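Undergrad: Below are the structure tokens for one structure; questions will follow.
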Amino acid sequence: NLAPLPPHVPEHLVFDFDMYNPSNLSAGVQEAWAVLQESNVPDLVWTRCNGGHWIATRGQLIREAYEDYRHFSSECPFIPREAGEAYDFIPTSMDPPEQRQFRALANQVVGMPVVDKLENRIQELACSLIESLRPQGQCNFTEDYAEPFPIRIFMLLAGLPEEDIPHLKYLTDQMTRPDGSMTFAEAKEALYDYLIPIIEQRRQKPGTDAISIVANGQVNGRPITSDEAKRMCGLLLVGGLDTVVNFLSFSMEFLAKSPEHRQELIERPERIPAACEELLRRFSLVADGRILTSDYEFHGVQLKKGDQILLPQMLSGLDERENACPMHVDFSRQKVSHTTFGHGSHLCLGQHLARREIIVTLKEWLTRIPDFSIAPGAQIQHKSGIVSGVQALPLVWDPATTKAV
Ligand code: HEM
Ligand SMILES: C1C2CC3CC1CC(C2)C3
Numbered sequence: 010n011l012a013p014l015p016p017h018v019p020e021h022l023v024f025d026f027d028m029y030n031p032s033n034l035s036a037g038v039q040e041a042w043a044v045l046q047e048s049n050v051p052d053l054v055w056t057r058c059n060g061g062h063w064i065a066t067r068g069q070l071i072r073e074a075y076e077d078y079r080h081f082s083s084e085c086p087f088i089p090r091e092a093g094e095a096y097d098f099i100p101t102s103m104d105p106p107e108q109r110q111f112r113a114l115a116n117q118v119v120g121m122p123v124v125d126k127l128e129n130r131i132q133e134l135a136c137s138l139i140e141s142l143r144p145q146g147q148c149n150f151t152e153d154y155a156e157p158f159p160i161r162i163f164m165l166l167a168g169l170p171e172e173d174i175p176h177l178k179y180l181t182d183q184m185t186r187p188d189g190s191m192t193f194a195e196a197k198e199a200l201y202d203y204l205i206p207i208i209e210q211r212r213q214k215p216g217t218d219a220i221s222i223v224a225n226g227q228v229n230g231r232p233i234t235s236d237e238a239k240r241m242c243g244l245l246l247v248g249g250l251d252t253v254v255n256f257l258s259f260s261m262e263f264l265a266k267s268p269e270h271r272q273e274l275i276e277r278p279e280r281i282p283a284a285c286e287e288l289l290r291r292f293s294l295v296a297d298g299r300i301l302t303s304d305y306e307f308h309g310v311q312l313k314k315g316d317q318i319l320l321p322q323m324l325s326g327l328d329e330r331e332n333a334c335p336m337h338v339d340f341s342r343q344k345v346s347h348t349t350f351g352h353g354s355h356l357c358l359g360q361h362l363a364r365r366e367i368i369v370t371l372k373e374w375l376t377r378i379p380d381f382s383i384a385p386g387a388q389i390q391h392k393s394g395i396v397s398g399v400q401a402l403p404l405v406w407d408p409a410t411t412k413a414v
């Protein structure tokens with residue numbers, strides 16, 4: 010299901026990549042996408058999948074396109090178009106200067122000062138969950154840790170019921186990794202059916218939670234609207250539920266396979282922060298785009314107003330022009346260059362939260378369970394989409410080599 014080539018696209022620029030089902034997923038998701046950076050691929054390609062759209066394949070182009078909101082609008086950031094079209098999240102679906110007042114608020118809710126406050130719970134929950142696992146010598150990391158960890162912290166932050174997780178997590182998943190069970194609009198609406206009542210209720214009787222802060226926030230000297238709050242909160246949910254969850258599994262799948270990487274971290278703890286950047290670079294997992302606001306010529310290619318371009322944040326750090334031996338993980342790189350948390354005016358506000366959550370998990374897991382591996386005959390599957398992930402992660406360990414703290 011390849012869409013006929015628009016008139017403006019030079020056939021020599023065609024490269025049919027399916028962002029939802031890349032070709033050699035079997036070898037890994039980061040690996041499947043890096044095909045785009047082989048020598049045979051032009052820097053800017055056109056794919057006929059998912060209705061036809063462009064893809065920038067290099068760090069340099071992605072950064073540029075990201076900086077350039079005039080040409081490249083966030084108005085319709087998801088592919089396919091019906092998804093980008095139904096997409097109305099704030100601040101994501103807005104460009105500057107409008108973007109800015111909304112950003113400042115979302116920042117109040119997820120920014121540094123909040124992570125600083127939530128630190129001890131993050132550390133408490135990680136230790137608790139790990140200690141609970143330690144004696145079994147086996148889990149489902151995706152389900153047993155990766156999911157609960159980041160999710161319960163967000164539920165805390167948000168002041169929402171843990172009971173709502175499953176229902177919520179299903180809708181978030183349809184957003185980034187469309188199943189086919191429900192379209193973007195249906196998915197979007199059901200999350201919205203959920204949030205509305207909650208918002209209503211926090212306008213009336215404010216709490217200390219993130220939702221309360223958003224619902225009653227100020228934007229452009231006036232009060233945010235209901236619809237506006239619904240829309241920021243909608244985003245906070247997807248980021249909360251869907252980002253850290255998938256990243257931990259990639260990192261953990263790697264650690265489970267690389268004894269010497271684990272050891273390095275065990276002996277030279279001072280390196281965790283660096284390793285965290287390197288892992289974010291290597292196991293980078295987001296890919297969204299932008300819409301052309303007009304006719305524009307970018308690096309010799311003619312882009313037509315209304316064309317969507319995917320600008321894979323995942324790709325920047327995997328690009329050889331940016332990082333020597335990109336597929337290799339080296340905790341001692343002089344320069345770790347990525348754009349895992351995006352680039353430009355839309356730079357991820359929750360970055361601080363995600364880094365704290367990764368750093369704690371590594372430090373904490375390695376402490377109790379320094380030696381683990383993937384279960385014999387478990388075949389690890391990755392999935393592709395706006396946010397890629399791991400399907401399941403069966404780990405096994407000997408209890409006798411663990412440590413209680
Ligand atoms: C591994 C973790 C994460 C990664 C890789 C990630 C990635 C990204 C990327 C690439 C963008 C920009 C997208 C664009 O330019 O269209 C972004 C935006 C955003 N992310 Fe993060 N994210 C992560 C965690 C989170 C968390 C935990 C939160 C908190 C809910 C969150 C909240 C946000 C928000 C609010 C924005 C929008 C900022 C704006 O539009 O000005 N993200 N994220
Ligand atoms: C929208 C944007 C791209 C992906 C998915 C969702 C949350 C965050 C920002 C990462």
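Under the authors' numbering, think of the first position of the sequence shown as 10, with each following residue one higher.
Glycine included, every Cβ here is placed at the ideal spot set by N, Cα and C.
In the region 111 to 195, which residue ranges form an unbroken alpha helix (DSSP H) of at least 4 residues, counting only runs that do not cross its ends?
TA: The region 111 to 195 contains these whole alpha helix (DSSP H) runs: 121 to 142, 157 to 167 and 174 to 185.
Undergrad: Give the C-beta separation of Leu244 and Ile99 to the nearest angstrom, bearing in mind that I take them to be a contact with Cβ-Cβ under 8 Å.
TA: About 7 Å separates the two Cβ atoms, so the contact holds.
Undergrad: List the whole-angstrom C-beta distance separating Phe292 from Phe259, where the pair is believed to meet the contact cut-off of C-beta under 8 Å.
TA: Yes, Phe292 and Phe259 are in contact; Cβ-Cβ is about 4 Å, under 8 Å.
Undergrad: Taking the C-alpha atoms as reference points, what is the distance between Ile205 and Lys239?
TA: So the two alpha carbons sit approximately 6 Å from each other.
Undergrad: For the beta strand (DSSP E) containing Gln317, name the first residue and the last one.
TA: That run of the beta strand (DSSP E) goes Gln317 to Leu319.
Undergrad: Under three-state DSSP, which class holds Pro282?
TA: Helix.
Undergrad: Tell me whether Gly248 counts as near ligand 2, meaning its Cβ is closer than 7 Å to at least one heavy atom of that ligand.
TA: Correct: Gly248 has its Cβ closer than 7 Å to ligand 2.
Undergrad: With a Cβ-Cβ cutoff of 8 Å, do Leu404 and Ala265 count as a contact?
TA: In this structure, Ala265 lies closer than 8 Å to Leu404 by Cβ.
Undergrad: Helix, strand or coil: how does DSSP classify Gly394 here?
TA: Three-state DSSP puts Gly394 in coil, outside helix and strand.
Undergrad: Looking at the structure shown, is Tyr29 part of a helix, part of a strand, or coil, going by DSSP?
TA: If DSSP states are grouped into helix, strand and coil, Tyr29 belongs with coil.
Undergrad: To the nearest angstrom, report how far apart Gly60 and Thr101 are at their CA atoms.
TA: Approximately 22 Å, taken between the alpha carbons.
Undergrad: Under DSSP, the alpha helix (DSSP H) around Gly298 begins and ends at which residues?
TA: Segment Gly298 to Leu301 is the beta strand (DSSP E) holding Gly298; no alpha helix (DSSP H) there.
Undergrad: Under the rule that 16 or more other beta-carbon atoms within 10 Å means buried, what is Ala333, buried or exposed?
TA: Exposed, because fewer than 16 other Cβ atoms sit within 10 Å of the Cβ of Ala333.
Undergrad: Can you round the beta-carbon distance between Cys285 and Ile367 to whole angstroms, since I take them to be within the 8 Å contact cut?
TA: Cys285 to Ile367, Cβ: 5 Å. Contact.
Undergrad: Take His352 and list the residues in its own chain whose beta-carbon comes closer than 6 Å to its own, dropping the five residues that flank it on each side.
TA: Taken in chain order, the residues that qualify are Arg72 and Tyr75.
Undergrad: Use the C-beta contact count for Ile275: other C-beta atoms within 10 angstroms, 16 or more gives buried, fewer gives exposed.
TA: Its Cβ having fewer than 16 others within 10 Å, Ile275 is exposed.
Undergrad: Kindly list the residues whose CB is nearer than 7 Å to the CB of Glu331, restricted to its own chain and excluding five residues on each side of it in sequence; keep chain order.
TA: Here the set comprises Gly68, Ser325 and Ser346.
Undergrad: Going by DSSP, which residues form a beta bridge with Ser382?
TA: Paired residues: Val405.
Undergrad: Does DSSP classify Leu358 as helix, strand or coil?
TA: Reduced to three states, the DSSP call for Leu358 is coil.
Undergrad: Verify whether the separation of the beta carbon atoms of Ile220 and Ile208 is less than 8 Å.
TA: In this structure, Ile208 lies closer than 8 Å to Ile220 by Cβ.
Undergrad: Straight-line CA distance for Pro159 to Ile395?
TA: When rounded, the distance between both Cα atoms is 19 Å.
Undergrad: How would you write the range of the beta strand (DSSP E) that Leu246 sits in, first residue to last?
TA: Where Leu246 is concerned, there is no enclosing beta strand (DSSP E), although the alpha helix (DSSP H) it sits in stretches over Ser235 to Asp251.
Undergrad: Give a single yes or no on whether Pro232 has its beta carbon closer than 7 Å to a heavy atom of ligand 1.
TA: No, the beta carbon of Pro232 sits no closer than 7 Å to any heavy atom of ligand 1.
Undergrad: Going by Cα to Cα distance, which pick from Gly309, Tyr305 and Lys372 is closest to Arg79?
TA: Checked all of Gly309, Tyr305 and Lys372; the closest Cα to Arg79 is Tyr305.
Undergrad: Can you check which of these residues, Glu287, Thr56, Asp173 and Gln39, is closest to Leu11 by C-alpha distance?
TA: Out of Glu287, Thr56, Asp173 and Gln39, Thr56 has the C-alpha closest to the C-alpha of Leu11.
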